[PDB]
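*Asks:* Encoded as structure tokens, here's the structure I'll be asking about.
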Amino acid sequence: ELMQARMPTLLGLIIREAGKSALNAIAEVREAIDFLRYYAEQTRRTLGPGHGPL
Amino acid sequence: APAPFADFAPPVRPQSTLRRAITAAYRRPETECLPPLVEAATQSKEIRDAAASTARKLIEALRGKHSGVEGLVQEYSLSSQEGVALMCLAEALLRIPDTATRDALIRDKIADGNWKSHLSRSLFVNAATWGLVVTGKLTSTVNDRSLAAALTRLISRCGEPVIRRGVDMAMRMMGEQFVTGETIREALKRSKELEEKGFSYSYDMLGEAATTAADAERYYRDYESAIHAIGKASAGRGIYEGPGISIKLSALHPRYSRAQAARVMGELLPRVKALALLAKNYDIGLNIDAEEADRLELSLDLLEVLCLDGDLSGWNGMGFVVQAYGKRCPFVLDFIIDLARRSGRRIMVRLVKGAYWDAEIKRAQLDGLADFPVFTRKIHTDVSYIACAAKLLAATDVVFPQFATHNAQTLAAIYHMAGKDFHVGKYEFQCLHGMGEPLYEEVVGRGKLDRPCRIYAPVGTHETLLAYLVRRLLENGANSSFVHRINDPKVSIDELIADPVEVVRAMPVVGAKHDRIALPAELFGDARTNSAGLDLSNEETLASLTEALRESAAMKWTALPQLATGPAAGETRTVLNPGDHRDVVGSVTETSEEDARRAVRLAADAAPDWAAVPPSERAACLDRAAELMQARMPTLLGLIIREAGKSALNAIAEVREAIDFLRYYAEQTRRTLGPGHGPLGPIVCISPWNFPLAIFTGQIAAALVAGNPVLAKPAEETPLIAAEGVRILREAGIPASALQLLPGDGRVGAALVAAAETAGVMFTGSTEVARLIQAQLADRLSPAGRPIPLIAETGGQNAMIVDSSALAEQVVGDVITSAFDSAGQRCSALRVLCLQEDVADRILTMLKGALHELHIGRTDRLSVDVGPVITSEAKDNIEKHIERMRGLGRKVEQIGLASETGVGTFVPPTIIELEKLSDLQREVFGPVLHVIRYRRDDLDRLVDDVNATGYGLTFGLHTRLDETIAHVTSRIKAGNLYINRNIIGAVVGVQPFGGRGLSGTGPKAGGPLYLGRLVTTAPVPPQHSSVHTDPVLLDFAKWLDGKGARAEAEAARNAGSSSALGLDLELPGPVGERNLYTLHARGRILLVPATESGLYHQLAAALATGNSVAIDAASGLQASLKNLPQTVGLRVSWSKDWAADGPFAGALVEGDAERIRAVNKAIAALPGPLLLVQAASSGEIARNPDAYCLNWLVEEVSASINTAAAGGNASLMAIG
Amino acid sequence: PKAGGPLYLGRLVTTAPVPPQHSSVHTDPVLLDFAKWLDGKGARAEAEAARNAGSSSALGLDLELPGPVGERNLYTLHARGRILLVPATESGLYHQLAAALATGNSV
Ligand SMILES: Cc1cc2nc3c(=O)[nH]c(=O)nc-3n(C[C@H](O)[C@H](O)[C@H](O)COP(=O)(O)OP(=O)(O)OC[C@H]3O[C@@H](n4cnc5c(N)ncnc54)[C@H](O)[C@@H]3O)c2cc1C
Ligand SMILES: NC(=O)c1ccc[n+]([C@@H]2O[C@H](COP(=O)([O-])OP(=O)(O)OC[C@H]3O[C@@H](n4cnc5c(N)ncnc54)[C@H](O)[C@@H]3O)[C@@H](O)[C@H]2O)c1
Ligand SMILES: O=C(O)c1cccc2c1OCCO2
Ligand SMILES: [Mg+2]
């Protein structure tokens, strides 16, 4: 949620630090948001007490 | 000697005017049924507005107070599969009777780890039911690997708390929701609360479809004990205020059917009378539930006798259901109201819509009947219901109407139709326990509509309720169902209160059939017209058939050698009825060997003239012959019944199959044949006695329509129906020179096979005789110097595998039919039943009980289930096998035969229990079922054992479990697979028929490759292609390119593309079934090359079609295949001793004519299966890219899956 | 395992969970032949482990994943290829073989 709300500022940094176009920077932030939400959902679908961390 | 058909199917009683009006409406066109129902259901504008307002009020209350499973899914964030798996686990845990044990297993074993280790029977046997509960969607089979994964996931994620909640939920649902109680005492205890509010009860003890006498006796004593408990509890409240019972006639006799009407009236009726007498003494209701459409009119005969029986006088509790989805409903009501007037009994009439809709659609389509016995649009049933309620409400002085419905619109319409004057006893509503109470708590009581409601209350254990729970859920759970729609937020109240009477009245065509449901005649659409059957439950049909059958027995049937030049003289003998040798059916004049050879020469002379008839006109002859056979079906039935020992049911299907062959091969011709698909020439068609019209017609029709003149050699046992088939084909326009009939024994067949002008042979019969024909043909080459094509369709050792997830009652019916129909004289008949050990004793007990309910006798009576075997020699051979098994100590069950069977040749249906599949070493072509048992872990070995017989014709599997379906169907090697249904009665163009190994050469009869075998250049069949390329072929083509064999590499790539390996089609057919047709590799192909290039072409053809090869080491071509890729090497073996390296599944041969002849003789000498051999010269391989035809290097597999097996049709849930 | 896919998190715990939708109705036929061979040898525990591996393997999984219209996004599980087996004991080798064969691999 924070990355979504702050996407315009994150874009500016990605454009200037990493040489990305605005379109590519948008997709970059989207992918980060999607990783967060995807692994959150996969966790809610799977992880229980017996799945101990490394 | 009883006169033929003198006692074929006499009705229980003479049909009254009222009974005849019922029968007349059985399959009346839907457009004719609806207008009078619309008129009868019409109400004033004022009433329609009042009813809409009442329905809206009821629906607003329903939606305003509106699951346990849904809250469980939500609390634990379960997926649908997890919810289903959880409920399956809960069901299993509730099979543990002791509570403390169950709770310890949950806490200490299930929750902490492996549920599989602690819980012979899949947890997920009933997951289709729980799927309906959780998702509202029906699946016919269970994805048990998905459910197992989901269960592990949910337990590892949520642990004991979710298991506890699932157990408590399933306990409530199965103990209090799907049933009112587990026992009648518990149900009665739980009924007091709503009885105090003004409800009443009718208890449903959940019995139906008795399979054995013992089952029927168990259901009887269950009803009897329930009547006592209910009557004790009623305590004089009477039939309206007090509780009653509902019974199903199918629970009370294992042969409840019109065909067995005499046993029904003699044996079932007294049982109902005894139950009714007890209900009379307690003064409770006893309701007869309505079942399948073909039992409606039969049940009226029981209702009539009971209502006229003075011993039951003084009691008005007899009740009877009528189904408004049925076209006969208003006429049935007229009959019942009149019976109530005559008897003076106020019959309790429960009006329902109907519970068997999907099944009725499927049945009418399967049977090829004129129309459905039920409506096909849901709104038509609604109008029918309201129209029938108007009829009932006009007769409340003489019947007690009971309006069973959960539809608030239907309810409101009848509430206002009935008007303001009411008293208890005038009429009532009814609803289902745990489904209708929300609606009817807005109805019962002075504070509501002050109308009573009787709750239909299921009573039974978990096992009993689950058996047919799917059908009961679909009643209120399909997309068109009110209960489903009231829960759908996208359905408005205005939609729910729509007046079906006015909607139908305004449609462009009142009463039009549903657009998406095919009439049985239109199952195949524009491709061809389906054959039509006959309804042997229809009294008009039975009466007309009786007369046609009697007339057929008065005919002087003959069969003569019908040469191109005219009938020929010969030795004449009588043809006797195998069920009674005193019954002379006709006379056959048999062909001399000289005349058989003359007939081939005449066929050869006539071959150009027949080949010159354009394919479309040849196909038109077949279509005309199909029309003639359809019109002549009743007479043909009579001949088949008497000559071949077949039942009427089986004779109908036989004539239908012949009609379907004619129309199928006609259409396939119109799709394919052109000037370059030249005929072979004279074809000898040799046909068996067991399908004496259908297979006879199929082979001849195919050969004729492909442009070949035919020499038809029918089985010596059944020449008369063959002569009639030839007469019909000639009437349809087949010239006498193109179709010659040569009756006689195998000597006539052999003379035909050996005749120099014989260009091809179509044989259906025993594997041993096919092998003799194969040896004779190996002596011969065509004028072009190529092998004479042989299509040889031979026996089977057909198995059915049944696991612990199958429904025993379904299994037993399919086994009894598959094994003993036609006295087991089908090539497809079930020979070996394989029962998983954990269910084997229960199923075997049921099977033996069902065996003893079969009626064996002369087949000119509808009540006969199993007729004679064809000859005394057949009888002797079968009996020798039985006594050998009995002498080895194997348990043998046999039905006792009536003395009347002595005049014919009968073998009693027999069950033999074997230790191992290898105890059976030869096809026993009779009514003899062998039973073996297997441990679940040995399933794969068992499939090996089935395959190990070398046969591969039909195969059945009964399981609900997708993992088992996938495993077994991937490993079994048979041409016709059947899942959750019987394994017999393959349907032309739907289950293309034919097997592999010792069962046949192929191509399949009634399939798209068949005609292409009967021409010198095979056409491209309809839909015959595949986008898949065999990867070993591709590796071989690359290897060829690496060796510099560039032309062969191109030919290999072309073979890869041309191959139809991987074709995977669904064929059109009836609803409730999926019929699949797939092309697989044949197996290991024997390659006999002469040149390196020939070898490469042979290998390309074989690999492109997925096969492995054995290459003749005597070719000396070993150095031509150096350094093969490992993938190709895995498929390549070299053979010095061909007989030691088989069985092969075909052969490719390269050589000049005498090399081909020599190889063909050597191949014929190989033990085991007849090999489909293709030969070519080296020059032909160079000139013709299709020198070897890829059609014959793939194996066809048909699979027919009963998708209604779980209890309903998921696709038809979306059809309203 | 693939990032943004259902096997990923299971690599980051000491005991992998069963991912959503992770199952297959297909049983490797060479696994089946191996289980029968173990049966014939009396290696009952190993034959059971082999059958259990054959069932729990998701080899053959073939899913369509939710996504935009105008696109079909498919996710399938295939054999890895050839698995290096480094056993110490006969029973260990049979268990390793069962795992590898059940997932469609050579060894
Ligand atoms: C107390 C009780 C006892 C019953 N006893 C019996 C019995 O002994 N025998 C029996 O056969 N039924 C019986 N039924 C009816 C059956 O079980 C269903 O409950 C009933 O048909 C549902 O209709 P409805 O008015 O509840 O709901 P609705 O949603 O109004 O009606 C559903 C019904 O419409 C019909 N239908 C659905 N689709 C189509 C279509 N495409 N074309 C034509 N018709 C269609 C079906 O009959 C379906 O069940 C009984 C019902 C009740 C309430
Ligand atoms: N796969 C199929 O489609 C299919 C269909 C029906 C029957 N069958 C098989 O048919 C068999 C039963 O039929 P049947 O008893 O009539 O079989 P069969 O082998 O006894 O007789 C079939 C035909 O072969 C003829 N015949 C016998 N000896 C011959 C010879 N030496 N040369 C040429 N022709 C000869 C007979 O006259 C008859 O017409 C069973 O084995 C059954 O499984 C197979
Ligand atoms: O019983 C069968 O499966 C079968 C197979 C081939 C031809 C038939 C069959 O039965 C119906 C008549 O014609
Ligand atoms: Mg014979």
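Ordered as shown in the structure tokens, chains take letters A, B, and onward, while each chain numbers its residues from 1 and ligands are numbered from 1 in the order shown.
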Tell me the residues of chain A close to chain B, meaning within 7 Å using only C-alpha atoms, as an MDAnalysis selection string.

*Replies:* chainID A and resid 46:48 50

*Asks:* DSSP on the backbone: what in range 821-957 of chain B comes out strand (DSSP E or B), as number ranges by chain?

*Replies:* B: 830-836, 856, 866, 892-894, 910-913, 928-934, 954-957

*Asks:* Quick one: write out the picked residues with N, CA, C and O atoms as a CSV table (one decimal), in the first residue's frame?

*Replies:*
```csv
chain,number,residue,atom,x,y,z
B,830,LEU,N,-18.8,-58.7,-20.5
B,830,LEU,CA,-18.0,-58.8,-19.4
B,830,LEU,C,-17.6,-60.2,-19.0
B,830,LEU,O,-18.6,-61.0,-18.7
B,831,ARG,N,-16.4,-60.6,-19.0
B,831,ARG,CA,-15.9,-61.9,-18.7
B,831,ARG,C,-15.3,-62.0,-17.3
B,831,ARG,O,-15.3,-63.1,-16.7
B,832,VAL,N,-14.6,-61.0,-16.9
B,832,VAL,CA,-13.8,-61.0,-15.7
B,832,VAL,C,-14.1,-59.7,-14.9
B,832,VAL,O,-13.7,-58.7,-15.3
B,833,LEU,N,-14.8,-59.9,-13.7
B,833,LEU,CA,-15.0,-58.8,-12.8
B,833,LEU,C,-13.9,-58.8,-11.8
B,833,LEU,O,-13.7,-59.8,-11.1
B,834,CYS,N,-13.3,-57.6,-11.6
B,834,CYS,CA,-12.2,-57.5,-10.6
B,834,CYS,C,-12.6,-56.6,-9.5
B,834,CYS,O,-12.8,-55.4,-9.7
B,835,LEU,N,-12.8,-57.1,-8.3
B,835,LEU,CA,-13.3,-56.4,-7.2
B,835,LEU,C,-12.2,-56.1,-6.2
B,835,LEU,O,-11.5,-57.0,-5.7
B,836,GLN,N,-12.1,-54.8,-5.8
B,836,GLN,CA,-11.1,-54.5,-4.7
B,836,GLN,C,-11.5,-55.2,-3.4
B,836,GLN,O,-12.7,-55.3,-3.1
B,856,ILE,N,-34.9,-66.6,-17.4
B,856,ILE,CA,-34.3,-67.2,-18.6
B,856,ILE,C,-35.4,-68.0,-19.3
B,856,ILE,O,-36.1,-68.8,-18.6
B,866,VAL,N,-32.8,-63.2,-20.3
B,866,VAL,CA,-31.7,-64.0,-20.8
B,866,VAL,C,-32.3,-65.1,-21.7
B,866,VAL,O,-33.0,-65.9,-21.2
B,892,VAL,N,-19.0,-71.8,-7.8
B,892,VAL,CA,-19.9,-71.6,-8.9
B,892,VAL,C,-21.3,-71.3,-8.5
B,892,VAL,O,-21.9,-72.1,-7.7
B,893,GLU,N,-21.8,-70.1,-8.8
B,893,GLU,CA,-23.2,-69.7,-8.6
B,893,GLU,C,-24.0,-69.8,-9.9
B,893,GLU,O,-23.5,-69.3,-10.9
B,894,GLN,N,-25.1,-70.5,-9.9
B,894,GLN,CA,-25.9,-70.6,-11.1
B,894,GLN,C,-27.4,-70.5,-10.8
B,894,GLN,O,-27.9,-71.0,-9.8
B,910,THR,N,-24.1,-67.6,-14.9
B,910,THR,CA,-23.2,-68.3,-14.0
B,910,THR,C,-22.1,-67.4,-13.5
B,910,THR,O,-21.6,-66.6,-14.3
B,911,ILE,N,-21.8,-67.4,-12.2
B,911,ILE,CA,-20.7,-66.7,-11.6
B,911,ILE,C,-19.7,-67.6,-11.1
B,911,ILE,O,-20.0,-68.5,-10.3
B,912,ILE,N,-18.4,-67.5,-11.5
B,912,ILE,CA,-17.3,-68.4,-11.1
B,912,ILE,C,-16.3,-67.5,-10.4
B,912,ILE,O,-15.8,-66.6,-11.0
B,913,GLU,N,-15.9,-67.9,-9.2
B,913,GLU,CA,-14.9,-67.1,-8.4
B,913,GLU,C,-13.6,-67.7,-8.7
B,913,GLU,O,-13.3,-68.9,-8.4
B,928,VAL,N,-21.2,-66.4,-18.6
B,928,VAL,CA,-20.3,-66.9,-17.5
B,928,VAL,C,-19.4,-65.8,-17.1
B,928,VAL,O,-18.5,-65.4,-17.8
B,929,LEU,N,-19.7,-65.3,-15.9
B,929,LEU,CA,-18.9,-64.2,-15.3
B,929,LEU,C,-17.9,-64.8,-14.3
B,929,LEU,O,-18.2,-65.6,-13.5
B,930,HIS,N,-16.6,-64.4,-14.5
B,930,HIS,CA,-15.6,-64.8,-13.6
B,930,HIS,C,-15.3,-63.6,-12.7
B,930,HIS,O,-15.3,-62.5,-13.1
B,931,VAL,N,-15.0,-63.9,-11.4
B,931,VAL,CA,-14.8,-62.8,-10.4
B,931,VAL,C,-13.4,-63.0,-9.8
B,931,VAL,O,-13.2,-64.1,-9.3
B,932,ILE,N,-12.6,-62.0,-9.8
B,932,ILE,CA,-11.4,-62.1,-9.0
B,932,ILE,C,-11.3,-60.9,-8.1
B,932,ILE,O,-12.0,-59.9,-8.3
B,933,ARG,N,-10.5,-61.0,-7.0
B,933,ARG,CA,-10.4,-60.0,-6.0
B,933,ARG,C,-9.0,-59.4,-6.1
B,933,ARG,O,-8.0,-60.2,-6.4
B,934,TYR,N,-8.8,-58.1,-5.8
B,934,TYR,CA,-7.5,-57.6,-5.8
B,934,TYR,C,-7.3,-56.6,-4.6
B,934,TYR,O,-8.2,-55.9,-4.2
B,954,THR,N,-13.1,-54.8,-25.0
B,954,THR,CA,-13.8,-53.8,-24.1
B,954,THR,C,-13.2,-53.9,-22.7
B,954,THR,O,-12.6,-54.9,-22.3
B,955,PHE,N,-13.4,-52.8,-22.0
B,955,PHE,CA,-12.8,-52.8,-20.6
B,955,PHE,C,-13.7,-51.8,-19.9
B,955,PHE,O,-14.0,-50.7,-20.4
B,956,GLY,N,-14.0,-52.1,-18.6
B,956,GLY,CA,-14.8,-51.2,-17.8
B,956,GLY,C,-14.0,-50.8,-16.5
B,956,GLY,O,-13.3,-51.6,-16.0
B,957,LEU,N,-14.3,-49.6,-16.0
B,957,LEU,CA,-13.8,-49.2,-14.8
B,957,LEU,C,-14.9,-48.5,-14.0
B,957,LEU,O,-15.5,-47.6,-14.5
```

*Asks:* Distance cut-off 10 Å, counting only C-alpha atoms - which residues of chain B neighbour chain C? Return them as a PyMOL selection string.

*Replies:* chain B and resi 79+81-82+116+143-154+156-157+937-938+940-941+961-967+970-971

*Asks:* Keeping only C-alpha atoms, write those residues as an mmCIF file, in the first residue's frame.

*Replies:*
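Contents of result_1.cif, as written:
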```cif
data_model
loop_
_atom_site.group_PDB
_atom_site.id
_atom_site.type_symbol
_atom_site.label_atom_id
_atom_site.label_comp_id
_atom_site.auth_asym_id
_atom_site.auth_seq_id
_atom_site.Cartn_x
_atom_site.Cartn_y
_atom_site.Cartn_z
ATOM 1 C CA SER B 79 -10.257 -22.703 -0.668
ATOM 2 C CA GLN B 81 -11.037 -27.756 -2.478
ATOM 3 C CA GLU B 82 -10.000 -27.382 1.169
ATOM 4 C CA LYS B 116 -3.273 -40.549 5.466
ATOM 5 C CA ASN B 143 -9.935 -35.061 -8.116
ATOM 6 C CA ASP B 144 -8.627 -37.006 -5.168
ATOM 7 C CA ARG B 145 -5.041 -35.801 -5.563
ATOM 8 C CA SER B 146 -6.189 -32.177 -5.410
ATOM 9 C CA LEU B 147 -8.290 -32.995 -2.345
ATOM 10 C CA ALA B 148 -5.421 -34.831 -0.672
ATOM 11 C CA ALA B 149 -3.143 -31.851 -1.266
ATOM 12 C CA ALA B 150 -5.797 -29.470 0.042
ATOM 13 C CA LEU B 151 -6.390 -31.551 3.169
ATOM 14 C CA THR B 152 -2.688 -31.730 3.987
ATOM 15 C CA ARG B 153 -2.424 -27.996 3.394
ATOM 16 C CA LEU B 154 -5.377 -27.035 5.564
ATOM 17 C CA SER B 156 -0.767 -28.150 8.392
ATOM 18 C CA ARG B 157 -1.984 -24.553 8.292
ATOM 19 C CA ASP B 937 -1.862 -51.588 -3.981
ATOM 20 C CA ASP B 938 -1.917 -54.344 -6.621
ATOM 21 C CA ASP B 940 -1.218 -51.754 -11.465
ATOM 22 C CA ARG B 941 -0.266 -55.429 -11.438
ATOM 23 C CA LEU B 961 -11.444 -41.187 -8.269
ATOM 24 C CA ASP B 962 -9.622 -39.240 -10.986
ATOM 25 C CA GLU B 963 -6.241 -40.640 -9.973
ATOM 26 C CA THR B 964 -7.528 -44.166 -10.524
ATOM 27 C CA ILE B 965 -9.181 -43.248 -13.838
ATOM 28 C CA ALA B 966 -5.957 -41.667 -15.076
ATOM 29 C CA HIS B 967 -3.819 -44.597 -13.921
ATOM 30 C CA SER B 970 -3.336 -44.932 -19.236
ATOM 31 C CA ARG B 971 -2.137 -48.502 -18.606
#
```

*Asks:* May I have the residues within 7 Å of ligand 1, computed using only C-alpha atoms and all ligand atoms, as a PyMOL selection string?

*Replies:* chain B and resi 289-291+321+323+325+352-357+374-382+404-407+410+430-432+455-456+472+475-476+480-483+1215-1216

*Asks:* Those same residues - N, CA, C and O atoms - I'd like them written as a compact mmCIF listing (two decimals), in the first residue's frame.

*Replies:*
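The resulting part25.txt:
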```
# COMPACT_ATOMS: atom_id res chain seq x y z
N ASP B 289 -44.16 -42.61 -3.49
CA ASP B 289 -43.32 -41.65 -4.19
C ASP B 289 -43.27 -41.98 -5.68
O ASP B 289 -43.40 -43.13 -6.09
N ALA B 290 -43.10 -40.94 -6.50
CA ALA B 290 -42.99 -41.13 -7.94
C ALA B 290 -41.53 -41.21 -8.36
O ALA B 290 -40.69 -40.45 -7.87
N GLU B 291 -41.24 -42.11 -9.30
CA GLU B 291 -39.86 -42.32 -9.69
C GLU B 291 -39.69 -42.09 -11.19
O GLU B 291 -40.18 -41.07 -11.70
N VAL B 321 -47.83 -39.66 -5.55
CA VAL B 321 -47.18 -38.50 -6.15
C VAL B 321 -47.41 -38.48 -7.65
O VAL B 321 -47.34 -39.51 -8.33
N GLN B 323 -45.89 -36.11 -10.98
CA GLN B 323 -44.80 -35.20 -11.32
C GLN B 323 -45.25 -34.26 -12.43
O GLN B 323 -45.48 -34.69 -13.57
N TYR B 325 -43.54 -32.18 -14.04
CA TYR B 325 -42.67 -32.05 -15.20
C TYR B 325 -42.98 -33.08 -16.27
O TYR B 325 -42.40 -33.03 -17.35
N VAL B 352 -45.77 -32.72 -7.33
CA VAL B 352 -44.39 -32.29 -7.30
C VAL B 352 -44.03 -31.86 -8.70
O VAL B 352 -44.76 -32.12 -9.65
N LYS B 353 -42.87 -31.23 -8.84
CA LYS B 353 -42.42 -30.98 -10.20
C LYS B 353 -41.71 -32.21 -10.77
O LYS B 353 -42.14 -32.76 -11.79
N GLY B 354 -40.69 -32.73 -10.08
CA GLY B 354 -40.08 -33.99 -10.49
C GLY B 354 -38.59 -34.03 -10.24
O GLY B 354 -37.90 -33.03 -10.45
N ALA B 355 -38.06 -35.18 -9.82
CA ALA B 355 -36.68 -35.24 -9.32
C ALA B 355 -35.69 -35.87 -10.29
O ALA B 355 -34.49 -35.90 -9.96
N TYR B 356 -36.12 -36.36 -11.44
CA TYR B 356 -35.26 -37.18 -12.30
C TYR B 356 -35.03 -36.54 -13.67
O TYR B 356 -34.81 -37.25 -14.65
N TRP B 357 -35.05 -35.21 -13.74
CA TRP B 357 -35.14 -34.56 -15.04
C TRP B 357 -33.96 -34.91 -15.94
O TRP B 357 -34.15 -35.37 -17.08
N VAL B 374 -40.86 -35.74 -20.31
CA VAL B 374 -40.86 -34.58 -19.44
C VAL B 374 -40.67 -33.35 -20.30
O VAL B 374 -40.19 -33.42 -21.43
N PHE B 375 -41.04 -32.21 -19.73
CA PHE B 375 -40.77 -30.95 -20.41
C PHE B 375 -39.26 -30.68 -20.44
O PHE B 375 -38.48 -31.27 -19.69
N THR B 376 -38.86 -29.80 -21.36
CA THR B 376 -37.46 -29.44 -21.50
C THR B 376 -37.17 -28.00 -21.13
O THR B 376 -35.99 -27.64 -21.01
N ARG B 377 -38.19 -27.18 -20.93
CA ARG B 377 -38.02 -25.85 -20.37
C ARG B 377 -38.61 -25.83 -18.97
O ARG B 377 -39.74 -26.30 -18.77
N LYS B 378 -37.85 -25.31 -18.02
CA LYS B 378 -38.30 -25.29 -16.63
C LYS B 378 -39.62 -24.56 -16.49
O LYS B 378 -40.49 -24.97 -15.71
N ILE B 379 -39.82 -23.49 -17.27
CA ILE B 379 -41.04 -22.72 -17.14
C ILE B 379 -42.25 -23.54 -17.56
O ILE B 379 -43.37 -23.30 -17.10
N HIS B 380 -42.05 -24.53 -18.44
CA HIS B 380 -43.16 -25.41 -18.83
C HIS B 380 -43.61 -26.26 -17.65
O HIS B 380 -44.82 -26.42 -17.42
N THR B 381 -42.66 -26.81 -16.90
CA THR B 381 -43.00 -27.52 -15.67
C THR B 381 -43.75 -26.61 -14.70
O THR B 381 -44.70 -27.05 -14.04
N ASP B 382 -43.36 -25.34 -14.60
CA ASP B 382 -44.06 -24.45 -13.68
C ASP B 382 -45.51 -24.25 -14.11
O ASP B 382 -46.42 -24.31 -13.28
N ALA B 404 -46.38 -29.81 -3.04
CA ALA B 404 -44.98 -29.87 -2.65
C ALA B 404 -44.20 -28.90 -3.53
O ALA B 404 -44.10 -29.10 -4.75
N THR B 405 -43.65 -27.85 -2.93
CA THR B 405 -42.84 -26.92 -3.70
C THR B 405 -42.11 -26.00 -2.75
O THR B 405 -42.64 -25.64 -1.69
N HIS B 406 -40.90 -25.62 -3.14
CA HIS B 406 -40.15 -24.59 -2.44
C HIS B 406 -40.19 -23.26 -3.17
O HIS B 406 -39.55 -22.31 -2.72
N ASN B 407 -40.91 -23.18 -4.27
CA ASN B 407 -40.95 -21.99 -5.11
C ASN B 407 -42.03 -21.05 -4.59
O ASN B 407 -43.23 -21.35 -4.68
N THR B 410 -44.79 -20.24 -7.21
CA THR B 410 -45.73 -21.35 -7.32
C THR B 410 -46.67 -21.38 -6.12
O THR B 410 -47.89 -21.49 -6.27
N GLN B 430 -46.43 -28.86 0.99
CA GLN B 430 -45.39 -29.74 1.48
C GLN B 430 -44.03 -29.17 1.13
O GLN B 430 -43.87 -28.42 0.16
N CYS B 431 -43.04 -29.54 1.93
CA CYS B 431 -41.68 -29.07 1.70
C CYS B 431 -40.72 -30.13 2.21
O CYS B 431 -41.10 -31.07 2.90
N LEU B 432 -39.45 -29.94 1.86
CA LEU B 432 -38.41 -30.84 2.29
C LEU B 432 -37.81 -30.35 3.60
O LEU B 432 -37.57 -29.15 3.78
N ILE B 455 -43.84 -31.69 6.19
CA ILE B 455 -42.41 -31.76 5.96
C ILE B 455 -42.04 -33.19 5.56
O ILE B 455 -42.26 -34.13 6.33
N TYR B 456 -41.48 -33.34 4.36
CA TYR B 456 -40.92 -34.60 3.90
C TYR B 456 -39.58 -34.79 4.60
O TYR B 456 -38.63 -34.03 4.37
N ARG B 472 -30.92 -35.20 -4.71
CA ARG B 472 -31.78 -34.39 -3.86
C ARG B 472 -31.28 -32.95 -3.79
O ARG B 472 -32.10 -32.03 -3.69
N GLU B 475 -32.22 -30.81 -6.97
CA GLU B 475 -33.61 -30.41 -7.06
C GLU B 475 -33.77 -28.92 -6.77
O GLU B 475 -34.51 -28.22 -7.47
N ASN B 476 -33.07 -28.42 -5.76
CA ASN B 476 -33.13 -27.02 -5.36
C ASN B 476 -31.81 -26.29 -5.58
O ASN B 476 -31.65 -25.17 -5.09
N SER B 480 -31.46 -23.00 -12.57
CA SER B 480 -32.86 -22.67 -12.76
C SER B 480 -33.71 -22.88 -11.51
O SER B 480 -34.88 -22.49 -11.50
N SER B 481 -33.14 -23.48 -10.46
CA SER B 481 -33.90 -23.79 -9.26
C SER B 481 -34.20 -22.53 -8.46
O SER B 481 -33.35 -21.65 -8.31
N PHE B 482 -35.42 -22.46 -7.92
CA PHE B 482 -35.82 -21.32 -7.10
C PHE B 482 -34.86 -21.12 -5.93
O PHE B 482 -34.44 -19.99 -5.64
N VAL B 483 -34.53 -22.20 -5.22
CA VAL B 483 -33.72 -22.06 -4.01
C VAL B 483 -32.33 -21.53 -4.37
O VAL B 483 -31.75 -20.72 -3.64
N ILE B 1215 -29.29 -25.74 -17.89
CA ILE B 1215 -30.31 -25.77 -18.94
C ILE B 1215 -31.67 -25.69 -18.27
O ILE B 1215 -32.11 -26.63 -17.59
N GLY B 1216 -32.34 -24.56 -18.45
CA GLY B 1216 -33.67 -24.36 -17.93
C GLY B 1216 -34.49 -23.58 -18.93
O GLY B 1216 -35.68 -23.83 -19.10
```

*Asks:* So that I can check the surroundings of residue 805 in chain B, please list as a ChimeraX atom specification every protein, DNA and RNA residue that reaches within 6 Å of it, counting only C-alpha atoms and ignoring chain neighbours fewer than 4 positions away.

*Replies:* /B:125,959-960
